[PDB]
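Student: One structure is given below, represented as structure tokens, and several questions about it will come after.
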Amino acid sequence: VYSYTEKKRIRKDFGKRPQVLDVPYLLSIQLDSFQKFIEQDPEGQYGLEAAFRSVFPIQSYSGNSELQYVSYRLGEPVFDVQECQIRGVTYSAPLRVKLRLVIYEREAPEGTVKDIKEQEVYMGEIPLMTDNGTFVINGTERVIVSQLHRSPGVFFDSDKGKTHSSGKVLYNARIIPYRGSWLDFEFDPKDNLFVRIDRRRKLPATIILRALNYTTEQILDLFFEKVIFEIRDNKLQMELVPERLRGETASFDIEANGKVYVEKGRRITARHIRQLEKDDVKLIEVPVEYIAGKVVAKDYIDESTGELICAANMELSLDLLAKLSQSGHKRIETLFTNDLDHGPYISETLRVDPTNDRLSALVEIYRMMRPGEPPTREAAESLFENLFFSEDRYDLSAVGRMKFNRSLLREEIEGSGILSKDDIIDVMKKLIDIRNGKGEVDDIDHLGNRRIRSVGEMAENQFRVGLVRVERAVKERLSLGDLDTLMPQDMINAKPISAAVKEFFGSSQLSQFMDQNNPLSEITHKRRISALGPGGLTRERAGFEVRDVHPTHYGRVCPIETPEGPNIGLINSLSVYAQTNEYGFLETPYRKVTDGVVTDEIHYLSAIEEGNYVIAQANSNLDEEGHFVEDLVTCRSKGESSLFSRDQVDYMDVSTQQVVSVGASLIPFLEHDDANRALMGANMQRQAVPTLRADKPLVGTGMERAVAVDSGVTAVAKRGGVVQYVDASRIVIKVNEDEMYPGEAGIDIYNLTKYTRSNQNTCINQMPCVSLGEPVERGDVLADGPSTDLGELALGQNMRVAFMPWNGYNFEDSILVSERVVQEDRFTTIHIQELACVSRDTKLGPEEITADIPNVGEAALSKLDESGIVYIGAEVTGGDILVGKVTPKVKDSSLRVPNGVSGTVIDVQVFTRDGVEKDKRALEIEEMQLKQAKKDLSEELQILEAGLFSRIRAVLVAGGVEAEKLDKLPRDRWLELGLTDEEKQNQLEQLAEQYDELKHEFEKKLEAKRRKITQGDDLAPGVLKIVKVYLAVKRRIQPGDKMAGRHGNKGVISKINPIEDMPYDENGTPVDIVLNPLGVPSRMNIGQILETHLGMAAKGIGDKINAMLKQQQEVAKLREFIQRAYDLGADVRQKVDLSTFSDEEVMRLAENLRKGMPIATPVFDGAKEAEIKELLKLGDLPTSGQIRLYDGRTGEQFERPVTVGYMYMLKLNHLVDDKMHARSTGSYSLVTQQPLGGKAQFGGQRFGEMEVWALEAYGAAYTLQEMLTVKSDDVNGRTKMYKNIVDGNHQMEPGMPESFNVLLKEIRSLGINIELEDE
Amino acid sequence: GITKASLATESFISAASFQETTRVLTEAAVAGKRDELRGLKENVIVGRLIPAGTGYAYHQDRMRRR
Amino acid sequence: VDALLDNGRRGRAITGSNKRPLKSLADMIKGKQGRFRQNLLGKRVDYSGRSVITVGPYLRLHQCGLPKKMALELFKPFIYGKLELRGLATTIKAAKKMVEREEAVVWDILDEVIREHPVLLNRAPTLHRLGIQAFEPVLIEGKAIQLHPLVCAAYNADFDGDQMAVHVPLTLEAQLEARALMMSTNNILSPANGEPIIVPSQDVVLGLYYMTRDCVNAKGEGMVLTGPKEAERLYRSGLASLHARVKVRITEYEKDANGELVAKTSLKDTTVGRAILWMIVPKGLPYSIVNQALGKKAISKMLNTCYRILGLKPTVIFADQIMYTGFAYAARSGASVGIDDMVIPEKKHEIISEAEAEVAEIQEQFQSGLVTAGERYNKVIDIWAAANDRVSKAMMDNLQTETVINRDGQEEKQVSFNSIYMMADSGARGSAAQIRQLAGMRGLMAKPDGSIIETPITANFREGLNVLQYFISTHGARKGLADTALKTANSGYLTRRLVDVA
DNA sequence: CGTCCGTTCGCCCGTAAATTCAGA
DNA sequence: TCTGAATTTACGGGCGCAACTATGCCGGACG
RNA sequence: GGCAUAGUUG
Ligand SMILES: [Mg+2]
């Protein structure tokens, strides 16, 4: 069944595979991230609660007082979103916090404090996220882009062959905290362990171990095993572990108990290892040459001298053994330093470093961190204690602790925020283990090692940054506080927090201007995962490792949607089904496979969990019970695709679209497109301009409705019901009694947003798509916005295309467009431009906005009113005066339309500073706006009252119904009625109480609206009044505009061909667009040819329906043909039936299908070629997809039948009238008298360095000389050249460029005397 | 090499307009170097005829009539 | 003082506006945005414009289409001069007002000042000296420049949204340098080698390949023609096919004498299209130059021989005529692209089955311990490469001899008239590798680490790649895009160093 | 509102300085 | 125990061209 | 009208 919005126009679905998981709310990431920032969290884990609990309570350095925390609250925003956009303010809510200040007197640790005081202090505002995932920051709409940064924790890397020029890989380890300093351990070609903090000077690693109060002997005992030499009788019979004997060369004869295990000189074999293990060998005799290279573990002293004889970590020789022989020491501990498995790295590090005691380590660290300062014991101790071991200056977050414990093979995942001795020790031991040969380094690009910072998380970090300053100020103030006089309002400074949050939201690398020219553009800007930003990479630094596609990007990051250019692969886009883990990692759904049956339950797996599993591919054939039909299925085990058994499979892909994003899933036949062309197609689909009328892609993918609805541009019905009233700018829905809450009646009013400016100067305009008295259900579109047709995304228009060369007018990449396309006004777009005229309080007098302007006639000022502001609806062109303004000396400084720009003034807004005596036009605008507000409030009140009286009348039909004399009494006199004793009279009283509340709130809101409209406006400092004029230009089409398709097929229009010159088929229908066949082989986007053929089939179905419909036929034949069309497919799973449409929905559906049958081709489960042939054969169209075409001009038939069809062409936002520029003479820069840059400034083209080389390669010495002297910066030369050109003499005086004089002055401004010596 | 040969040029303006402006200018200032601007980049920077194409005749004329 | 003279050289660069190291004197005289490389070596110039380029195939090689509004804005001083000369404005304010109102008389002035005043057209990455060329303006009722198709190869300019800048040579020496040195008709040969640079690119070569071709039996096979004019009269009236083997009478001129053209008439066995093209070739060239299939290299060498024998002006006229006739007959061919033109070999499935059986047997040989991992990997890679080569050979044969046409007796093989095959063989667009991925398997793919994958993509683009194969192709494509982006900078730095040294 | 003074994390290469061999 | 060569290490240079759109700002703090 | 940031075009 279909809920009356998918029953008007059913898109034919060629998807074989059945869907399992519904496509989620695509804007879930932004909304869910910001929701756990403002909402109250009792546990205190998320949001502002976490920040407040982390900062508060605030004490002093001494035990004087303490300011603690109670709760926070977000007040109601002062301005609505629309009002916020109109005025130019930020859309924010005041953050009011309850604080209690307690004061501690002499000896009151647990006793009652002197006084307590709780007040709701105000500390700044936080911008609020609109219901579409966007913010309004200064009247513009911005999006905070999610960041894909490097997860906190410990990582191990190699640095394979970039150093030592020998191929010896190093092994470094980095401990990245969420907020703190970096600790890096490293190796060197000499195999010594080194440490560094914040990537400063490389000091030895054991220095930090000593700074942790570890002596040399315990360090060696911690990083090494002990070999025991006991001098029992003689020759130092050594206690031996049989396991330690594998891998070395025996220099002596290993014999014991009359059984020579190893002969002299020979190595140690595995056979002898087994024999030693099974013979229970513990102590063996050793020679004298063996101890000569060993290192003593700990220290020893003599009994005579009583002092040190041999310090720890010193190579034992015959002298040391002889000296300790007489001391009485028989048990000697030595280090086991194997050559290949247990290296002596800590020993060599202890040798190299000059530190011996803890104070020396601390002072060395202090000198490294702070260079040149006089170091002190106390200062060094404090610095090292606050480096990694203080909760203020260092904090591993929960993710940092989890990754730290996982990478060290720990048991628990929850621990302390700060580091400890054991953590650093374990990191060093793990790095040494990696060096020895056990374990492998981590890959930084792995998606199990990269988090997702989002808007809420970054906003709360910035809030913490702001709160830290406020905490410091409060700590400082508590020592100078007049305690029993003030409340915690003057204690808190609301400026730092607000400044920090406004700096983050307004001027940041991730809170960026929203790309709003297309619903797809918005919905893919919100789901953008950027690797740059604060705490991330930079496009001039990262390369070749984060740019490429990683095998863990499957199902989490789109492989084809990434901006080509400066940052490819740094601005990845989130996949369709990808969610964010609890810790911030990207996870993707999978269907569980317990037995051979594929269970219908979904588990979200992240990258590390997915690494050890076998996941069957999405295109795996299954039966009704659910089983892999093949006995060997294609899966991927550990980042590697292969073939696996029918039983081993553990998970399966939920859907075949889960690898691509919402921009790359709108490309029909993506699987036939080359990856580069698909990338271009997605990135250009982002840039389509909303045309006059959307045109419902004939060949879609089925994701159009999801993208159109999930992005907020339509009017989706909140509660189902019956449409009561539909005008162009408002829809009224009477909710069904089943969905109506007990109490308020209870109908929905949707105020459509008519023609308004987007961020890209396009048109946003919602149009109703429902008629009066038409039932709607919950979640149905009521108004389709820009680039939307009946709730389906519709960017471009689908036009009849022919692939053939045409006299070179589609030579390389060009398009050829008929005059029928420009006559039907189907690529005509509306562009709304905002022009501001500001009257600034300047010196020598203020600026007036009067209509009395000199130097102009009355015909020029005839379009203005008496107040000097153009009328609404005037067709002003380039050069017309929009807003008359003069500035004192008087001179004309009026706001005029820029040259070349036409259009109609559609809306004029006047902003006046308080107390400036607004003129007549501002008064007219404000009185008409107040009347409009009163009209809107009265209309909503009377609509609600009509609904309320309807509900009362419906209630009054049972239990004492009165229908004859009910209208005799006035409808307002319904409080003194007659009724029995039941809850119905209580419901009537509830309705009356809600009506009284409506009346009171209506009066209050009318007064509030009058106050908010008549009041002054908070303008910039120095401006008197601002007048904003909104022109509505209409750009039709012209040679030069760049049109494209969905498969990376670009092309600028080269000619607007006459209707009778285009090629036509046998029926006389001309093709709308001619394309070049030669672009298909080289750029392997075969998907456009298949889209052409399938669109031809769809339009053939539509033409058949149109023929059967225009000459009236019975509904039986019509429904028979529609059912045959919808039942055409190999193993499709749509299965729509027409026996349940009741002969009035079949007619509506056929009316909607008479312009072609919409067809859904899933992104990788799409229509096969054979099905396209069958659908073409269903109409009267050839199977091959090519028809003979006749030349328009000559009339002769083109041989080699050409490929004709219907391609869904888009009009990108690269228009030639916005690209064309020219300049003869204009303004010139100040420092260098060279022409300005750009075209917004009337600037000149840059004849750059390579152009100078190109002229030098010719013999053009005079052309170059006039290029870089007369035409650029020779002031006298250029004035003389202009005078000579006007005089008709083309000759230049060379002169000398002014920029050379500037360079001479700048070099002379150093201590360098540079001059031009005399001739 | 091309960069070492283009920095070790008797005319210091070409080397200054190439990489390492600071070092080249420091060397030229300390050594008191004098530039005859007899190349193509120097005359571009100064803003006169390039001694290559139609400007070769002019440069020859100014050498003959020095 | 040390921060004023060179901020940040000592260390701890001072910042003034929200942690941003400020520019000192050294920063203002050095770097990419100093005075040398930003304001002295390259400057912004007056009398300059910029617009999106389109095709305009009707243009002659020495001229370009310039919009009326761009020309009016660029030549404003000249228009003022002519208006004052003709007495239409005593002062310059009146002339400025007349021009900004765009009266009916300023357009005649613009047309008579455009007459023979070249304009320099330049595309943004001016890699070589052919990246800026002088053309004669033709006033166009539009907003987009019309760039002659032949110069696109020299500019490396397609028409997918490129923009080009126009500069107006003011002084007489500049105009004469543009006409005598930088004209598009003077830049026939590339300065890097001897080969021509105005070679017809893609549609002209397709038209000339389709026109100069033959099939085993067509309309008017074997009829005797009295000359190229009768060949054109037969083709245009429908009495003979464009490519039909006929005997024509060709009178070719050989200038092996002391610069004198010597006539020689013969009966050449050729096709109708070859004679029609012979109507274009100038007098000095032999008829053997158009008796072949005329791919892209053939047209290149035809232009090269024309330049070497006849000179500059005949070569320019010949190139313009070649472009015109190639566009005309490429349109006449209707050479489209379909889904059935990418013929999949019937033996692809069995070859893939054999390769899969062989990899299964190699896996069996490895799991038993007969071979190690490295040699198994090498064996699998080699056998998949062999299977890919066999598939490519099969598809190439099936597309080369796709047509087996006869109705008067025995079947005869001929070079196929397939659209994809003709576009690839003529040299117009595509190559063997691309047509291979269109029909045959696209073969082995490499991981981002650079190592080859054992399992290739056994699916072409006519068939649908599944998710894994497409993901691996995305690996390969992202690597190439990143390499191109990071290689353009290295090439630019190398060429800047080469320019500076010499 | 009018005024008014103080964040490490890339790759490659050439070059000068610090370090280490390797003697007599 | 002095002294020169070779090695290693720290550090400063460099890292394509042209074009368009938008916002934020040029400073945060005492009378 | 200068810088920075972000996005985009070839
Ligand atoms: Mg291009």
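Residue numbers (my numbering), protein chains in the order written: chain A, 650 to 1968; chain B, 63 to 128; chain C, 1372 to 1873. We put the CB at the ideal spot given by N, CA and C, even for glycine.
1) Give a yes or no on whether 8 Å exceeds the smallest Cβ distance from residue 55(B) to chain C.
2) Which residues, in order along the region 1908-1942 of chain A, keep a beta-carbon less than 8 Å from a beta-carbon of chain B?
3) Kindly provide the ranges of any beta strand (DSSP E) runs that are 3 or more residues long and lie completely inside the region 1495-1575 of chain C, ordered along the chain.
4) Under a three-way DSSP split, which group does residue 1657(C) fall into?
5) With 16 other CB atoms within 10 Å as the buried threshold, where does residue 994(A) fall?
6) So residue 1435(C) contacts chain A; which residues on that side make the cut at Cβ distance below 9 Å?
7) For the region 1781-1863 of chain A, list the beta strand (DSSP E) runs that are entirely contained and at least 3 residues long, ordered along the chain.
8) Give the interface partners of residue 1387(A) over in chain C, defined as CB-CB distance under 9 Å, in chain order.
9) Shorter than 7 Å, the distance from the beta carbon of residue 1690(A) to the closest heavy atom of ligand 1, or not?
10) Taking the straight line between their C-alpha atoms, what separation do you get for residue 1687(C) and residue 1940(A)?
11) Please determine, among 1629(C), 1770(C), 1640(C), 1587(C), the residue with the shortest C-alpha to C-alpha distance to residue 1779(C).
12) Excluding the 5 residues flanking residue 1133(A) on each side, which residues of the same chain have their C-beta closer than 8 Å to its C-beta?
13) Measuring only from the beta carbon, is residue 1482(C) closer than 7 Å to any heavy atom that is part of ligand 1?
14) Could you tell me the distance, in whole angstroms, from the CA atom of residue 1496(C) to the CA atom of residue 1692(A)?
15) Take the Cβ of residue 626(A) as the centre, count every other Cβ of all protein chains shown within 10 Å, and call the residue buried at 16 or more, exposed below.
16) State yes or no: is the C-beta of residue 1531(C) nearer than 7 Å to some heavy atom of ligand 1?
17) Taking residue 806(A) as part of the beta strand (DSSP E), name the residues at either end of that continuous run.
18) Taking 7 Å as the cut-off, is the C-beta of residue 1528(C) nearer than that to any heavy atom in ligand 1?
19) Report, in whole angstroms, the separation of the C-beta atoms of residue 1442(A) and residue 1399(A), which I expect to be a contact under 8 Å.
20) Closest by CA to residue 1372(A), which one among 927(A), 1113(A), 1383(A), 1062(A)?
21) Grab me the residues of residue 1769(C)'s own chain with a C-beta within less than 6 Å of its C-beta, minus the 5 sequence neighbours each way, in chain order.
22) Quick one: Cα of residue 903(A) to Cα of residue 980(A), how far?
23) So what does DSSP say about residue 1771(A), is it helix, strand or coil?
24) Taking only runs that begin and end inside the region 718-786 of chain A, name each unbroken alpha helix (DSSP H) of 4 or more residues, in chain order.
25) With 9 Å as the limit, tell me which residues of the region 1879-1896 of chain A have their beta carbon closer than that to any beta carbon of chain C; keep them in chain order.
26) Please go through the region 979-1027 of chain A and give each complete beta strand (DSSP E) segment of 3 or more residues, from N-terminal end onward.
27) So, residue 1348(A) versus residue 1204(A), is the Cβ gap smaller than 8 Å?
28) I believe residue 750(A) touches residue 723(A) by the beta-carbon criterion, under 8 Å. Please report the beta-carbon distance rounded to the nearest angstrom.
Tutor: Quick answer:
1) One cannot answer for residue 55(B) here, as it falls past the ends of chain B, which runs 63 to 128.
2) 1908, 1909, 1910, 1911, 1913, 1914, 1917, 1918, 1923
3) Counting only runs of 3 or more, we get 1503-1511, 1534-1538.
4) coil
5) So residue 994(A) ends up on the buried side.
6) Under the 9 Å cutoff, chain A gives no residues; its nearest Cβ is about 14 Å from residue 1435(C).
7) Segments of the beta strand (DSSP E) lying fully in the region 1781-1863 of chain A: 1835-1839, 1846-1860.
8) The contacting residues do not exist; residue 1387(A) stays about 43 Å from chain C at best.
9) Residue 1690(A): no, Cβ never under 7 Å from ligand 1.
10) 32 Å
11) 1587(C)
12) 752, 763, 764
13) Result no, Cβ not under 7 Å from ligand 1.
14) 24 Å
15) No answer is possible for residue 626(A): it lies beyond the span of chain A, which begins at 650 and ends at 1968.
16) Relative to ligand 1, residue 1531(C) has its C-beta within less than 7 Å of a heavy atom.
17) 802-806
18) yes
19) Contact doesn't hold; Cβ gap of about 20 Å is too wide.
20) 1383(A)
21) 1714, 1716
22) About 22 Å.
23) helix
24) Every alpha helix (DSSP H) stretch that sits fully inside the region 718-786 of chain A and reaches 4 residues is listed by chain position as 730-736.
25) 1880, 1881, 1883, 1884, 1885, 1886, 1888, 1892, 1893, 1894, 1895, 1896
26) 980-984
27) Taking 8 Å as the cut-off, the beta carbon of residue 1348(A) is found no closer than this to the beta carbon of residue 1204(A).
28) The Cβ separation is near 23 Å, so there is no contact.
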